[PDB]
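Participant: First the structure, which I've put down as structure tokens, then a few questions once you've had a look.
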Amino acid sequence: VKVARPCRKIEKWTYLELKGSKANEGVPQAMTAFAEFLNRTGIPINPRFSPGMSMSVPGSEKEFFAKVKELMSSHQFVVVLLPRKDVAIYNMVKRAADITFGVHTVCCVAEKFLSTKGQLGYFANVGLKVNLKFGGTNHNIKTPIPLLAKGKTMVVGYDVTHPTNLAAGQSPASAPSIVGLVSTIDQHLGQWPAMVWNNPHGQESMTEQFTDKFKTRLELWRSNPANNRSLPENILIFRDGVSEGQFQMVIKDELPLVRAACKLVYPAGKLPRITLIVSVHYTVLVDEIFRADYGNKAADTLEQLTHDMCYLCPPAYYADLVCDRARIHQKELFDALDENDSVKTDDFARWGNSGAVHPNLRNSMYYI
């Protein structure tokens, strides 16, 4: 199955084999079959990989970084083979690659990567991720609902997660939080660049920051050559992570901040229409787009739109993935939270700074 829009050329890549108790065989042949399958699907990865490195996993994370530094720094892409299904090692590799050295990776368990039976299917899944990491689009929704068709609608998803669990029901409003946000940047809806930020005073910090954060997303859209200095005429916004008791807070305290961002960026008198949707299923909280455009067919036009999303709930799922990966990135913070329920607000903020994705990967789907 050919990808809809091929990513950028992947010219210089290699593998990192992390040794387990039994030695692997046939690794270079598997790497060869891997690149062949990706090409067969229309992903322009160089068939030739640079010779890979094999090493056993060191005792500490600092030792690991020192050992992989040159490999990760000198390639655009590394296929990392784990000795077993091990999310502790995965998470360490992601800190090295996503944060410290800034290189795209796929982590594959060696038994799965190397196994001949079922290999084409596994390589297909991995290849879909690679195509996205490097800027492509996988699936083409060819007959979209009018609203997506025109190439004039931006879709947004965000979630807000609380690193401390106090285990006493819902986190209060002041609890420190981390935001993960994604949005589309073009008509194709393949690419969904992410933003992560920290709210050291919880909702108070969200209120101070969301307008300026959202403004950058509009600016990202406008500066994308594809859109030709255009700003979307519609903005569909999905908020995950709230209970029905918190719907009002989203409408009254968060949405106005998005509106203000639009006021700062748009030509005078040229504001976009906005629809806000939450998920506890999904409930439309504010709608300026669908009733306007579709009268009676409103309900059904959005359910088709969100079904098209499945085919090609992405905004909420992608935003969730962004939050989950942020939790891995901000290791200093989570280590600190194991010792006290509260860390200093200045510490919360600067551990956010320390765990930010490397500029090599800044607008990329590193989280996918």
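Labels used: A, B, ... for chains in the order of the structure tokens, numbers from 1 for residues in each chain, and numbers from 1 for ligands as shown.
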Please list as a PyMOL selection string every residue within 12 Å of segment 20-26 of chain A, counting only C-alpha atoms and excluding residues in the same chain fewer than 4 positions away.
Facilitator: chain A and resi 30-33+54-58+81-86+89+109-116
Participant: Could you write out the selected residues, including N, CA, C and O atoms, as a short mmCIF file (atom, residue, chain, number, x, y, z; two decimals), in the first residue's frame?
Facilitator:
data_model
loop_
_atom_site.label_atom_id
_atom_site.label_comp_id
_atom_site.auth_asym_id
_atom_site.auth_seq_id
_atom_site.Cartn_x
_atom_site.Cartn_y
_atom_site.Cartn_z
N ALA A 30 17.86 -8.34 7.84
CA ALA A 30 16.56 -7.79 8.24
C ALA A 30 16.53 -6.29 7.93
O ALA A 30 15.52 -5.76 7.44
N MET A 31 17.66 -5.60 8.16
CA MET A 31 17.71 -4.15 7.90
C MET A 31 17.51 -3.93 6.41
O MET A 31 16.85 -2.99 5.98
N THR A 32 18.04 -4.86 5.61
CA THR A 32 17.89 -4.75 4.18
C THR A 32 16.44 -4.96 3.74
O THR A 32 15.92 -4.22 2.91
N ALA A 33 15.80 -5.99 4.28
CA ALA A 33 14.42 -6.26 3.94
C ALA A 33 13.53 -5.09 4.44
O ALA A 33 12.57 -4.74 3.81
N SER A 54 26.48 -2.58 17.80
CA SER A 54 25.90 -3.48 18.79
C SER A 54 26.59 -3.21 20.13
O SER A 54 27.80 -3.03 20.19
N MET A 55 25.82 -3.20 21.21
CA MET A 55 26.39 -2.92 22.51
C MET A 55 25.45 -3.53 23.49
O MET A 55 24.29 -3.78 23.17
N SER A 56 25.93 -3.78 24.70
CA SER A 56 24.99 -4.20 25.74
C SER A 56 24.57 -2.97 26.51
O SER A 56 25.27 -1.94 26.53
N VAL A 57 23.40 -3.04 27.14
CA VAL A 57 22.89 -1.88 27.84
C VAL A 57 23.66 -1.62 29.15
O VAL A 57 23.74 -2.50 30.00
N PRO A 58 24.24 -0.41 29.30
CA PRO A 58 25.06 -0.10 30.48
C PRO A 58 24.22 0.00 31.75
O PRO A 58 22.99 0.00 31.66
N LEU A 81 17.17 -1.71 18.05
CA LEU A 81 16.64 -3.06 18.33
C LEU A 81 16.75 -3.37 19.81
O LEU A 81 17.84 -3.41 20.35
N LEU A 82 15.62 -3.53 20.49
CA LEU A 82 15.67 -3.87 21.90
C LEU A 82 15.81 -5.40 22.04
O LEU A 82 15.32 -6.15 21.20
N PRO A 83 16.46 -5.86 23.12
CA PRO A 83 16.61 -7.29 23.44
C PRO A 83 15.31 -7.97 23.85
O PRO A 83 15.18 -9.19 23.71
N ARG A 84 14.35 -7.19 24.34
CA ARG A 84 13.03 -7.72 24.71
C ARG A 84 12.06 -6.55 24.79
O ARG A 84 12.43 -5.41 24.60
N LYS A 85 10.80 -6.84 25.05
CA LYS A 85 9.81 -5.78 25.10
C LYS A 85 10.05 -5.15 26.43
O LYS A 85 9.71 -5.70 27.47
N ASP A 86 10.70 -3.98 26.38
CA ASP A 86 11.21 -3.38 27.57
C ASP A 86 11.01 -1.85 27.49
O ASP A 86 11.79 -1.16 26.83
N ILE A 89 13.88 0.54 28.82
CA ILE A 89 14.95 0.84 27.87
C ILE A 89 14.43 1.77 26.75
O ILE A 89 15.14 2.65 26.29
N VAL A 109 11.45 -4.52 19.05
CA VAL A 109 11.96 -5.68 19.76
C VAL A 109 12.59 -6.63 18.73
O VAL A 109 12.01 -6.87 17.68
N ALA A 110 13.76 -7.15 19.04
CA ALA A 110 14.58 -7.79 18.02
C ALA A 110 13.87 -9.03 17.51
O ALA A 110 13.85 -9.29 16.29
N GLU A 111 13.25 -9.78 18.42
CA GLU A 111 12.56 -11.02 18.04
C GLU A 111 11.49 -10.71 17.01
O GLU A 111 11.26 -11.48 16.07
N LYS A 112 10.82 -9.58 17.18
CA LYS A 112 9.76 -9.17 16.25
C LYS A 112 10.31 -8.66 14.92
O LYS A 112 9.77 -8.99 13.86
N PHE A 113 11.35 -7.82 15.00
CA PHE A 113 11.97 -7.27 13.80
C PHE A 113 12.55 -8.38 12.91
O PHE A 113 12.49 -8.30 11.68
N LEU A 114 13.15 -9.38 13.55
CA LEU A 114 13.98 -10.36 12.83
C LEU A 114 13.20 -11.58 12.36
O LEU A 114 13.64 -12.30 11.44
N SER A 115 12.05 -11.82 13.00
CA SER A 115 11.20 -12.97 12.67
C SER A 115 10.66 -12.90 11.26
O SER A 115 10.02 -11.92 10.88
N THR A 116 10.94 -13.94 10.47
CA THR A 116 10.52 -13.93 9.09
C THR A 116 9.01 -14.00 8.98
O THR A 116 8.40 -13.27 8.22
#
Participant: Residues near segment 142-159 of chain A, anyone? I mean within 9 Å using only C-alpha atoms, not counting same-chain ones fewer than 4 positions away, as an NGL selection string.
Facilitator: :A and (178-189 or 192 or 218 or 221 or 227 or 230-242 or 289-290 or 293 or 301-302 or 304-305 or 308 or 314-320 or 322-323)
Participant: May I have the residues from that selection written out with C-alpha atoms, as a compact mmCIF listing (two decimals), in the first residue's frame?
Facilitator:
# COMPACT_ATOMS: atom_id res chain seq x y z
CA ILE A 178 1.51 19.63 31.72
CA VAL A 179 -0.19 20.45 28.45
CA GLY A 180 0.21 18.43 25.23
CA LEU A 181 -1.24 20.06 22.15
CA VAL A 182 -1.33 19.10 18.46
CA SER A 183 -2.78 20.75 15.40
CA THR A 184 -2.82 20.31 11.61
CA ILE A 185 -0.78 22.62 9.43
CA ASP A 186 -2.29 21.99 5.98
CA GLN A 187 -5.19 20.64 3.97
CA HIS A 188 -3.91 17.06 3.97
CA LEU A 189 -4.24 16.47 7.71
CA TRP A 192 0.26 17.21 13.37
CA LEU A 218 -1.76 30.02 13.91
CA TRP A 221 0.00 27.43 9.81
CA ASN A 227 -1.08 27.56 2.76
CA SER A 230 -3.39 32.04 4.56
CA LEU A 231 -4.92 31.56 8.00
CA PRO A 232 -7.60 28.91 8.46
CA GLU A 233 -11.18 30.15 8.18
CA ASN A 234 -12.36 27.47 10.63
CA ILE A 235 -10.81 25.89 13.70
CA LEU A 236 -12.13 22.67 15.14
CA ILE A 237 -10.86 22.10 18.69
CA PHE A 238 -10.85 18.89 20.68
CA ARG A 239 -10.14 18.95 24.41
CA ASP A 240 -9.48 15.57 26.09
CA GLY A 241 -9.04 14.82 29.78
CA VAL A 242 -11.99 16.58 31.41
CA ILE A 289 -19.22 25.90 12.03
CA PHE A 290 -21.64 23.01 11.63
CA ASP A 293 -22.98 25.26 7.28
CA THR A 301 -21.74 15.91 9.10
CA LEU A 302 -19.43 15.94 12.16
CA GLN A 304 -18.76 11.69 9.10
CA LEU A 305 -15.86 14.08 9.68
CA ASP A 308 -12.91 10.23 8.18
CA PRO A 314 -6.85 11.58 16.13
CA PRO A 315 -6.72 15.00 17.74
CA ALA A 316 -7.47 13.52 21.13
CA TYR A 317 -5.36 10.41 20.63
CA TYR A 318 -2.37 12.32 19.29
CA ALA A 319 -2.66 14.86 22.06
CA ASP A 320 -2.67 11.97 24.55
CA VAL A 322 2.14 13.88 23.33
CA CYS A 323 1.28 14.01 27.04
Participant: Could you tell me how far atom CA of residue 220 of chain A sits from atom CA of residue 261 of chain A, in Å to one decimal place?
Facilitator: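 Atom CA of residue 220 of chain A lies 13.0 Å from atom CA of residue 261 of chain A.
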Participant: Check the DSSP output for the backbone and give back, as a ChimeraX atom specification, the residues of segment 74-295 of chain A in strand (DSSP E).
Facilitator: /A:77-82,104-109,153-161,177-183,194-199,234-240,273-279,282-287
Participant: For a test of reading the model, state the distance in Å between atom CA of residue 340 of chain A and atom CA of residue 176 of chain A, rounded to one decimal.
Facilitator: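 Distance between the two atoms: 13.3 Å.
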Participant: Which of these, A:258, A:28, A:65, A:105, has the shortest distance to residue 212 of chain A once you count only C-alpha atoms?
Facilitator: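 Answer, going by the shortest atom-to-atom distance: A:258.
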Participant: Please list as a PyMOL selection string every residue within 12 Å of residue 171 of chain A, counting only C-alpha atoms and excluding residues in the same chain fewer than 3 positions away.
Facilitator: chain A and resi 160-168+174-177+202-203+241-243+246
